[PDB]
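**Q** Chains as they are written, first to last, in the numbering used here: chain A, 1122 to 1449; chain B, 116 to 250; chain C, 413 to 671; chain D, 1278 to 1417; chain E, 901 to 1167; chain F, -12 to 358. Ideal placement from N, C-alpha and C gives every residue a C-beta, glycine not left out. Following this message is one structure expressed as structure tokens.
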Amino acid sequence: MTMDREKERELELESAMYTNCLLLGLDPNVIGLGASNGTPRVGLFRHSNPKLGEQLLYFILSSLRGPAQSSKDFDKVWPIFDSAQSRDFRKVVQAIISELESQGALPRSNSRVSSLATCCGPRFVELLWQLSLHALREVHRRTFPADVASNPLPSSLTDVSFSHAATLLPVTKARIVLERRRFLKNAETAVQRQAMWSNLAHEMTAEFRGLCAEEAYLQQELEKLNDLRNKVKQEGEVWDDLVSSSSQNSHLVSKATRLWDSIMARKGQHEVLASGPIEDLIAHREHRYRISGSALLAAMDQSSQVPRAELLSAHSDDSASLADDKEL
Amino acid sequence: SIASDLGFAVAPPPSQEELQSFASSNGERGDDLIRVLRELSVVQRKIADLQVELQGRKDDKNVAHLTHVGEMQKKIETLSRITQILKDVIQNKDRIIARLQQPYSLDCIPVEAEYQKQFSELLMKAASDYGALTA
Amino acid sequence: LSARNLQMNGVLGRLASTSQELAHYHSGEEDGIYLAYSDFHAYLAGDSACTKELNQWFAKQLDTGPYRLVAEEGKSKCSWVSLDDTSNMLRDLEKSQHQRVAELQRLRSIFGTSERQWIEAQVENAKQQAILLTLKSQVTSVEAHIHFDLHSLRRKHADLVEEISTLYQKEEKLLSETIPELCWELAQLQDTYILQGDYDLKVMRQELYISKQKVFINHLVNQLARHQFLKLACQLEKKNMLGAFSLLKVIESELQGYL
Amino acid sequence: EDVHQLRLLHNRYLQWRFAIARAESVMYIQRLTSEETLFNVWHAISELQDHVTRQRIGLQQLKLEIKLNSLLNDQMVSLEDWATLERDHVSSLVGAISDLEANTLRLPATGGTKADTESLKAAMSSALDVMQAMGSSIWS
Amino acid sequence: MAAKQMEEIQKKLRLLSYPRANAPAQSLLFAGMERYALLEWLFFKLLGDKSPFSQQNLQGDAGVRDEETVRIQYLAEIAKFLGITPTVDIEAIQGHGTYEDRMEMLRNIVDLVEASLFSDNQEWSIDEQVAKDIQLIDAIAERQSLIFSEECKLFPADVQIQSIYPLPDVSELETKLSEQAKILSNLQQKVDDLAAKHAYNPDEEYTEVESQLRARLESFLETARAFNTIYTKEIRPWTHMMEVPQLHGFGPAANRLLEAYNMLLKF
Amino acid sequence: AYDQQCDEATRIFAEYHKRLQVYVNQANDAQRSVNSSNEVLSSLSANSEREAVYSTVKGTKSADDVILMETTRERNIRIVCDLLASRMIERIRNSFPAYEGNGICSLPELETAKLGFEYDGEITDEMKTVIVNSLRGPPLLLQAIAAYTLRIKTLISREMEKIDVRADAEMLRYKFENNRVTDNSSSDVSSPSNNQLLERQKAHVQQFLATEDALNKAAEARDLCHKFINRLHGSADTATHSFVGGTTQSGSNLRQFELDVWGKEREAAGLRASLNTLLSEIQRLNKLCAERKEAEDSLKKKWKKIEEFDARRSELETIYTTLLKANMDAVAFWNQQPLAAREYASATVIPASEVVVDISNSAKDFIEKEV
């Protein structure tokens, strides 16, 4: 039972994590092939989307930038500036905006002031790199801005604010591996539970052919059969199910045994010691006449047996010989 | 490829080796509980079923079998030896006087056996007296 | 002399007819004896069966008495192994029962009631009364020898004790050698008495029928011979009667002197 | 990025709990419900165990014992005469016991005494030895 | 379980395997002088981030032990909020906690140095970073639980007893273990219940034996047929013959009972 | 002068008829009784030849004497059975056991002749009883005797049965006593006063003394052991008279040796008085290796007596086989057959015709007497 629910439950297990995959795993691939091949497509793309897409097709990027609004407040000017420069953002200010945004974002100009210098030339292919840049902090906004800026702390001053202080910028990539380990750590117990109940599933397939098929038999036909497989047995079996008749069944046994124990059970306590007479069965058969007189002879009068036999034959023959001649 | 393999080798300790350490105190119970309870849950239900069964089991085994097992195993014994020495001997009532006189004698035959040993003493006395004759 | 030869002829008429006519009746006699021969043999049929009957009549004295005895005598060795269990069982009906309850415990009662008075009351008074006379006697051994005092320490004792020492040793030492000798006589002494007495009951009556031994068969043997003489008596009356016939012929002696 | 300040994850552990959430919280929160479900299948399983013990035995014992009933009836056929003696059960009960009691007390007697001759003989001899004291009277 | 972690961790330390008897008590001693004298191989890489004062330690070599004592409170400012309360604890037995805090920073520097070197190969890496991982590992991972299913029969052979109790004993096994002891006591009866399926073969044997004994009673039961009707009339005189055993001794004793029965009256 | 020869012939042929009677003296007496009375009555001798058969009928009326005869005939032998001992006991004991090599031949000719000679001598009480019946028996007695031969042979039984008590009761006395003494002589009255239990009474009176001296007899050697203790008890007896013994105590220089001087009585007094009981068993101990054989010989003599008894019974079977030859003697009539063959061989027909003319010539001389 219940794999379909469990598989539906298993679908819910994947549903939480893979809901992001709908947008961060499923959406990116089509735009991923639309990004590397962006330059082939940005040509016709930059004639209708910059008005329509920003309002409709690429307004969805504002939804993800919403959680980053604090930092995106400066970035918020970018959708503001693009809206007012639609004829000028199609091919021109896609590189100029970085310089414009750099002046308002000196803490983040570190990327932007470096971005404005190299973006002007290859802009029609470089704009793709810039796009990643404002996407380089989106999820990082959960982690990057506040935490990395919290470097000057006494617990992390000497160790980090001296040697690791130069890693203020490169630390961005350190986030990406952490979620991967996090999922594996999220899978430290998840896989173990997934290891066996998925395995147990094929044991719940066995209780189909063994157990649940039998309960299907139990439900209708065996339940009626219970009406049948017990009506006959009340003669011998079903009476005892209530203990009051169990003695009555024993009483019927006592009715059956009334003659047996009356006769058989009398010798029951004495038959165990009657095995001694069984040893007497052979003795009383052949050893009875031998041990009658030899009870004293074979014990202590062993040497006294030979003179008795000597007088039995050497001297008693003559008298019996007269009878033997008559008996001949 | 060595760097590729070592780079891959740092991923299992988040996933593979951790459960042999952490879930070895936190997750391995699934293997432990399920298998024994699979046997435990079945037998514990049978105990009550055995409690349901014992009333019939105390009937077929003891009241039916062990009652009648005791009865059957002695009707052959009584028909072999028990009926021989009283039931048959009624027809042999001429012999029962002698047949019952013999067990009386086997308790008293050695009493009369003094006569034969009272003759062997003559042989024994001569054997004992041999040493005196030599001396 | 006129009528001297007239009277006899009248009576002799039919009388002289049968004088020598009996020579014809020679044929009539052997019918009679053969008639008796059937009579004689038929009465022998009374004796014909009796000879076996009398032998059978003594054959009654054959198996019933003599060989109901020897059958036990004959079958003694045939089953002597079981005879020690079967026959004695019947034989030990009373003789062994009497021995077990009476003879086995006959002597125990009188051991303690008779031994003490017969063993501790024999030499006491003599031993009790001998101390005074020894005191009177020892004076003579000294007062009649007085000069021995310096030599009276030890060896003067042996002058009268020497003849008693070794002889006393023999009479006391025999107690040990007779320890296992007399302890067996009592049991054997009583058993021989009853065994001899019980089987002498057999002997005393068996010493009487020897007088009657000359009576069991002697009379019967003559009974069979009592009727053998009857056959011997038959041949007696045969010569005489046949003697009449051969001598009937001799009547022709003087007759041949006539023709 | 928080790995460098992972000491500050002590405060960010609450924020780090969301990293548990989308993958591991759904894992245990649902598997906790699975504990109810595995109870539910056990409830269905436990119901079957009672029924099969009832139904199978009631039918498995059914056909077999009927065949064995005939032998018991045939065993009653072996007691056919005593079945006629059942109407006289008062009288016929004593007779076979008398066939036994005259022999079922010697069997314990015969077996026990020969094994206990070393010790039981003296106790048995006590009653018999008194009547052999008649040897005093035969001379007196 | 965490107690053994101290024994194993510097067992791997080729020069600190033996001091394990005192190591949890002299780990700060190890961090005092062995931190440079003996910890120059493994933890020295972590000491690279601590070089500034270690470089300053070169200037204060005369009182470096005195100065490292000054640094002890800087070990405390490392735990000025996280571990002020466990500071007393971690010295002896909760040393695994600061090892749980030692591994707290160990995974970071590896992540830190990885971030630095990955910051040079990111010309296209992010184009392949946020996307490739979600489809390769995760697809296998759901199927890799089946891989754990096979091996969770091998390695837990000595661990199944080890890991059955720890957590469930407070909620589930609290009564189950007592039931577990009871069940194993009754396990012998349930084992025979497996043989109860085969019990019909000896169960049918019982009724066969009397039938087999009935077969032996052939020509005996048929006489037992006669032994009832012919002989039942004969038990009634047999109760008179029951007195014969006592009467049998009375036979030879009939004459002598007159001098014997008075003895019983005397007693 | 031959006319006188014919003249005397008439007389002599009358006298010749007076000689035919002297052919048979058994017939001479009968013929002359009726011959002198009448000549036609002299022919009744032919009828008197038939009287012998009628004489057998007379024996039927003589059967009253026959029954009274056989009784005293047994009285003739029964009293002389004392003399019948040597002649018949020897005869019965050695018929088969001694003469078997020649028993079949010697018995009916030699052995039986001697018994008849003994019958001539000792049973002379009976030879006359059949010698007087040698001539008058078969004509008279044989009719009734053979009719009563079974009667005289069964009426004879109930005195032999009284004297067959020797053998008939022997088995009873041998058999019916042992079974009887088990249940009858077991309850014999106290102090029997009969010969049959006299030897038992001999045991009883001998038991009357043996039981009294039973333990002492088995301890005659131990009798001096208590006497030896009495020597130890003599020390207490000596100390009893210490008030007289002080005289020897004064002689300290003489006290040393006199103690063992008294040792003579300390040893000889109990020694001499102990020679009585020891002598009671010493006389038998020195010959115990031979007296015990005598004790068992009495039991063997009982079996030896058994040997004598089974000798006779087996020897009794021996005569019965010889008694079968005695029955064969009743079948041995083949010996007397030639004595009867001459009887049948002499029955010729031819001399009968010759005498017919002879009597015809002889009887003719009677008619001429009228001259």
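1) Only counting the same chain, and skipping five residues up and downstream in sequence, which positions put a Cβ closer than 8 Å to that of A/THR1293?
2) Which chain B residues are close to D/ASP1327, counting only those with a beta carbon under 9 Å from its beta carbon?
3) In chain D, which residues lie with their C-beta within 8 Å of the C-beta of A/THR1288?
4) Please check if any C-beta of chain E sits within less than 8 Å of the C-beta of A/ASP1280.
5) Do F/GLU252 and C/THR546 have their C-beta atoms within less than 8 Å of each other?
6) Are the beta-carbon atoms of C/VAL535 and F/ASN217 separated by less than 8 Å?
7) Taking C-beta pairs closer than 8 Å, name the residues in chain D that E/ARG1114 reaches, listed in chain order.
8) Below 7 Å between beta carbons is the criterion; list the residues of the segment 211 to 224 of chain B that meet it against any residue of chain C, in chain order.
9) With three or more C-beta pairs closer than 8 Å as the rule, is the segment 1420 to 1434 of chain A touching the segment 462 to 474 of chain C?
10) Please go through the same chain and pick out, in chain order, the residues whose beta-carbon is closer than 7 Å to the beta-carbon of D/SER1369, but skip the five residues on each side of it.
11) Among F/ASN203, F/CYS92, F/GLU87 and F/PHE0, which has the Cα closest to the Cα of F/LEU266?
12) Could you work out which residues of chain A lie near E/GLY948, taking near to mean beta carbons separated by less than 9 Å?
13) Please report the distance separating the alpha-carbon of F/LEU185 from that of F/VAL248.
14) Which bits of chain D does C/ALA514 rub up against, with CB to CB less than 7 Å?
15) What are the boundary residues of the alpha helix (DSSP H) that D/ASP1351 is part of?
16) Should C/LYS568 be labelled buried (16 or more other beta-carbon atoms within 10 Å of its own) or exposed?
17) What does A/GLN1313 touch in chain E if you count any residue whose Cβ is under 8 Å from its own?
18) Let's test the definition: count the other Cβ atoms within 10 Å of the Cβ of F/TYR331 and tell me whether it reaches 16, buried, or not, exposed.
19) In angstroms, rounded to a whole number, what distance separates the CA positions of A/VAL1281 and E/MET933?
20) In chain order, what residues of the same chain have a beta carbon less than 8 Å from the beta carbon of C/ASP610, not counting five sequence neighbours either side?
21) So, with DSSP's three-state summary, where would you put A/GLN1206?
22) Evaluate contact between the segment 554 to 569 of chain C and the segment 147 to 157 of chain F, counting only Cβ atoms and requiring at least three cross-stretch pairs below 8 Å.
23) Expressed to the nearest angstrom, what Euclidean distance is found between the alpha-carbon atoms of F/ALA134 and F/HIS4?
24) Tell me the DSSP secondary structure of E/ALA925 in three-state form.
25) Where does A/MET1124 fall in DSSP's three states?
26) Answer yes if the segment 421 to 429 of chain C comes into contact with the segment 102 to 115 of chain F, meaning at least three C-beta pairs across the two stretches below 8 Å, and no otherwise.
27) If you follow the alpha helix (DSSP H) that F/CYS276 is part of, which residue opens it and which one closes it?
28) According to DSSP, is F/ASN120 helix, strand or coil?
29) Which residue from F/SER301, F/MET315 and F/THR309 puts its Cα closest to that of C/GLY486?
30) Cβ closer than 8 Å: which chain B residues qualify as neighbours of A/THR1378?
31) So which residues of chain F does B/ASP244 contact, with C-beta pairs closer than 9 Å?
32) Beta carbon of F/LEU211, beta carbon of C/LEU481: below 8 Å?
33) Looking at chain D, is there any beta carbon in it that lies within less than 8 Å of the beta carbon of C/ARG520?
34) For the alpha helix (DSSP H) containing residue 359 of chain F, name the first residue and the last one.
35) Could you round the C-beta distance between E/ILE1040 and A/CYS1142 to whole angstroms and report it? I think they count as a contact, below 8 Å.
**A** Looking at the atomic coordinates:
1) Contacts found: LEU1257, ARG1258, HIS1261 and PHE1265.
2) Near D/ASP1327 (Cβ distances below 9 Å), the residues of chain B are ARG160, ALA163, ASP164 and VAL167.
3) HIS1281
4) Yes, contact with chain E.
5) yes
6) It is a contact, given that the beta carbons lie within the stated cut-off.
7) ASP1351, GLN1352 and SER1355
8) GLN216, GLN217, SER220, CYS223 and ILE224
9) no
10) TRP1359 and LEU1362
11) F/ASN203
12) Per Cβ cutoff of 9 Å: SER1284.
13) 57 Å
14) Result: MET1411, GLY1412 and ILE1415.
15) 1303 to 1355
16) If you draw a 10 Å sphere on the C-beta of C/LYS568, you find 16 or more other C-beta atoms in it, and that means buried.
17) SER1045, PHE1048 and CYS1052
18) The residue in question, F/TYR331, is exposed, as its Cβ has fewer than 16 Cβ neighbours within 10 Å.
19) 23 Å
20) Answer for C/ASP610: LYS507, listed in chain order.
21) coil
22) no
23) 40 Å
24) Look at E/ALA925 here: in three-state DSSP terms it is helix.
25) helix
26) Contact between the segment 102 to 115 of chain F and the segment 421 to 429 of chain C is not established, with fewer than three Cβ pairs separated by less than 8 Å.
27) 275 to 318
28) Correct three-state label for F/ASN120: helix.
29) F/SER301
30) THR182, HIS183 and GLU186
31) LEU275 and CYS276
32) Result no, Cβ atoms of F/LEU211 and C/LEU481 do not sit closer than 8 Å.
33) Nearest CB-CB separation between C/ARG520 and chain D: below the 8 Å threshold.
34) This structure cannot settle anything about residue 359 of chain F, because the visible part of chain F is limited to -12 through 358.
35) In fact, because the Cβ distance is near 15 Å, the residues do not count as touching under 8 Å.
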